[PDB]
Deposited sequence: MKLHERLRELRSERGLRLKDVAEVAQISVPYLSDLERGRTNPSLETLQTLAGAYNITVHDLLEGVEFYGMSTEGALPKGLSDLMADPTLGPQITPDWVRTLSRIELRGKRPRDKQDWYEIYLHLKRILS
């Protein structure tokens, strides 16, 4: 997918490789290699191509696709600044251990529901 995006980006602007190669550091043989998915660019190369495109590195990775330290829902509650505020890392550890052989609370609010109840009890 990443390489397919780098061709998609070039191609929808109807640019030939040699046009991108001018404005950017990159060689035509090199850009061809990256667009083929032979070798993987650095974040450096991606700035350069974002640069060529003129898009942001963030907006470059828009389509592309390619184990969690907290449960998905608990992660999201902590990420959210409006809802997270006062939850402490001690509480995060406390809340990660809540599991019934597999099943967990689903969403941020599911998690916040519990946090508040338990907060009172402990």
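K.L.:
Mind pulling out the bits of the deposited sequence that never got modelled, as residue ranges from 1?
P.N.:
Gaps vs deposited seq, in order: 1, 68-72, 129.
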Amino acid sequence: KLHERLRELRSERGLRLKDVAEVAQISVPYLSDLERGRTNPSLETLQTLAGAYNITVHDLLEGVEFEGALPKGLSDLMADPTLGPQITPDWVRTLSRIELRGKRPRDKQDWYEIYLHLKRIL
From here on, numbers count along this sequence of modelled residues.
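K.L.:
Comparing 11-19 with 97-105, where is the mean C-alpha B-factor higher?
P.N.:
Result: 97-105.
K.L.:
State which stretch shows the higher mean Cα B factor in the entry: 51-59 or 80-88.
P.N.:
The recorded data point to 80-88.
K.L.:
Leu6: which third of its chain by C-alpha temperature factor?
P.N.:
Within its chain, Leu6 is a lowest-third residue by C-alpha B-factor, going by the deposited values.
K.L.:
Compare the C-alpha B factor of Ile121 with those of the other modelled residues in its chain, then answer lowest, middle or highest third.
P.N.:
It belongs to the middle third of the chain when residues are ordered by C-alpha B-factor.
K.L.:
Ranking the modelled residues of this chain by C-alpha B-factor as given in the entry, is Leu43 in the lowest, middle or highest third?
P.N.:
Middle third of the chain for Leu43's C-alpha B-factor.
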